[PDB]
Protein chains: 4
Amino acid sequence: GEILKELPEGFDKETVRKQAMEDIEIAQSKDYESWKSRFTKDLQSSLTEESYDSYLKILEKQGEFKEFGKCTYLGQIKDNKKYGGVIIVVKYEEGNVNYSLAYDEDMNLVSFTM
Amino acid sequence: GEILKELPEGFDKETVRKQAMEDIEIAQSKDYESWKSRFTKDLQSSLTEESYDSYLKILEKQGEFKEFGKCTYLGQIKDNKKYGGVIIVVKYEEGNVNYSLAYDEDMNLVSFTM
Amino acid sequence: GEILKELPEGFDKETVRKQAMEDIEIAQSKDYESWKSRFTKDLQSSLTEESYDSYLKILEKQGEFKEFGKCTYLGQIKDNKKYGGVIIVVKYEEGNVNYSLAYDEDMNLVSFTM
Amino acid sequence: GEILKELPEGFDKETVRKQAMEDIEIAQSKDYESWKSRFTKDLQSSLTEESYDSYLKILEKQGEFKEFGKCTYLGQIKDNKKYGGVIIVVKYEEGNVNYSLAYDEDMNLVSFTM
Ligand SMILES: [Cl-]
Ligand SMILES: [Cl-]
Ligand SMILES: [Cl-]
Ligand SMILES: [Cl-]
Ligand SMILES: [Cl-]
Ligand SMILES: [Cl-]
Ligand SMILES: [Cl-]
Ligand SMILES: [Cl-]
Ligand SMILES: [Cl-]
Ligand SMILES: [Cl-]
Ligand SMILES: [Cl-]
Ligand SMILES: [Cl-]
């Protein structure tokens, strides 16, 4: 495998930033089924509502969403497949939070971490 | 804050790689209290044995430890404090696993992810 | 000193990209004095018209400017001062050329390489 | 094409660091023909003794070689071929100098800059 300090081939910054902002808004909506639907078909059945509700508990403590900040792009080659990652700053009333999201080439989530 | 694509000042690759290999060996030992003791004093009380046992469940499915592989170094500046990170390949009988570890300047864990 | 795999603090990607494209256009204009004036005061005396004319000779062999491509951002800390760098793709009729430009915090050139 | 913030596949850090230090020592030896011979066959005809002697003039002003410092690894994909790069610190009596060297997969120089 490989860890990349930029996006892999086939990914582009603007598409990744735009999808990450939409996917964080879907996570903040508290709609578990819409958030689950943003993951690759093969990983959806690996997700739980309990784990999502634990994220919502921590999320509520941040206060109101204020703005999106800077993006840091990364990548990974795992089992000859490419994954594009982004560390995006989300500014809440109680402070800045760094989200880590990763996508497959079809732009569906493989990972989502607050 | 800042996301860095190398270690911050005050960290060095050899020290970080050596500590990451020791800390992954302590995690594989199944000794929860020794593993907990490797985290910064302020984060120890945030850890649970249940979360560590969930890691041990996933770890057991990998088979026997075979070797350490390549290291990828990263960093973060959060609330004017520096954190050194490493993505290290751990080769098990069932395949390669990428661990993500982060340290404070005193070389105690702030994050540990399989 | 430090070589960084991102811009240092005080530099912004969008500002760097705009200045790099402007500065490469000034270099392509064949106006030596305007190009020289884009460098920090301390480095102006170090530049020669002969060296700039050698660049123009190599530049003419590329054909017509077609487009700017992708940017790769880097940085450097040298004698406690911060320098923001960019590797920018310049697409000419005869092919792609990677320019390396570096700036001081006042957004004046410290380095320019075709 | 691609600019990478790590070595491409097929390159190893330790091999690159050893070759870069060897190649900088050959450059410092003032042996033009040995230095030229370290470049890929296609690029040898492009080198001049005059350009190498200009480097030797600047090199002599640095004083005695003291030590090699840190390495920063980069890469490039150009016309579907992979190139591994290193920015290596060379500490001279008069101060630190950052050399930029790039290699093809056969570990022959494609670029050498002081
Ligand atoms: Cl691409
Ligand atoms: Cl892009
Ligand atoms: Cl340091
Ligand atoms: Cl180091
Ligand atoms: Cl900044
Ligand atoms: Cl920026
Ligand atoms: Cl002149
Ligand atoms: Cl080039
Ligand atoms: Cl490899
Ligand atoms: Cl390596
Ligand atoms: Cl000659
Ligand atoms: Cl330098």
# chains A, B, ... in the order shown; residues from 1 in each chain; ligands from 1
>>> select_by_dssp(residues="chain D", states="strand (DSSP E or B)", output="JSON list (two decimals) with C-alpha atoms, in the first residue's frame")
[["chain", "number", "residue", "atom", "x", "y", "z"],
["D", 2, "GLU", "CA", 2.28, 14.93, -11.17],
["D", 3, "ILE", "CA", 4.29, 16.62, -8.37],
["D", 4, "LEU", "CA", 4.37, 14.35, -5.35],
["D", 39, "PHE", "CA", 23.52, 11.65, -14.98],
["D", 65, "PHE", "CA", 32.12, 20.73, 4.07],
["D", 66, "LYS", "CA", 31.00, 20.12, 7.66],
["D", 67, "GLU", "CA", 28.04, 17.68, 7.61],
["D", 68, "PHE", "CA", 24.89, 16.42, 5.81],
["D", 69, "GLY", "CA", 21.65, 17.46, 7.44],
["D", 70, "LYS", "CA", 17.97, 16.51, 6.96],
["D", 71, "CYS", "CA", 16.38, 15.10, 3.79],
["D", 72, "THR", "CA", 13.00, 16.12, 2.33],
["D", 73, "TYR", "CA", 11.63, 13.57, -0.20],
["D", 74, "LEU", "CA", 9.54, 14.44, -3.21],
["D", 75, "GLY", "CA", 8.61, 12.91, -6.51],
["D", 76, "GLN", "CA", 7.38, 13.56, -10.01],
["D", 77, "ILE", "CA", 5.55, 11.65, -12.74],
["D", 78, "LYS", "CA", 6.59, 13.06, -16.15],
["D", 81, "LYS", "CA", 8.03, 7.90, -15.93],
["D", 82, "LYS", "CA", 8.78, 8.20, -12.16],
["D", 83, "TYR", "CA", 11.41, 10.51, -10.64],
["D", 84, "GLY", "CA", 12.46, 10.54, -7.00],
["D", 85, "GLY", "CA", 13.68, 13.74, -5.49],
["D", 86, "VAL", "CA", 15.42, 14.90, -2.40],
["D", 87, "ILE", "CA", 16.11, 18.32, -0.86],
["D", 88, "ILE", "CA", 19.15, 17.64, 1.33],
["D", 89, "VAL", "CA", 20.79, 20.07, 3.75],
["D", 90, "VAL", "CA", 24.55, 20.41, 3.31],
["D", 91, "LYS", "CA", 26.23, 22.23, 6.21],
["D", 92, "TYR", "CA", 29.35, 24.21, 5.17],
["D", 95, "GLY", "CA", 26.33, 28.04, 6.49],
["D", 96, "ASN", "CA", 23.63, 25.57, 5.42],
["D", 97, "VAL", "CA", 22.94, 24.99, 1.69],
["D", 98, "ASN", "CA", 19.86, 23.14, 0.32],
["D", 99, "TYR", "CA", 20.69, 20.89, -2.63],
["D", 100, "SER", "CA", 17.87, 19.57, -4.92],
["D", 101, "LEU", "CA", 18.63, 16.27, -6.65],
["D", 102, "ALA", "CA", 16.30, 14.13, -8.74],
["D", 103, "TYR", "CA", 16.76, 10.57, -9.97],
["D", 109, "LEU", "CA", 20.68, 11.96, -11.87],
["D", 110, "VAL", "CA", 18.11, 13.88, -13.97],
["D", 111, "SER", "CA", 18.65, 17.13, -12.04],
["D", 112, "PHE", "CA", 21.23, 18.60, -9.67],
["D", 113, "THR", "CA", 20.85, 22.09, -8.15]]
>>> closest_atom_pairs(of="chain D", to="ligand 9", cutoff="6 Å", atoms="only C-alpha atoms and all ligand atoms", output="tab-separated table")
residue	atom	partner	partner_atom_place_in_ligand_line	distance
D:9	CA	ligand 9	1 (Cl)	3.9
D:10	CA	ligand 9	1 (Cl)	3.9
D:11	CA	ligand 9	1 (Cl)	5.6
>>> atom_distance(atom1="CA of residue 30 in chain B", atom2="CA of residue 56 in chain B")
7.0 Å
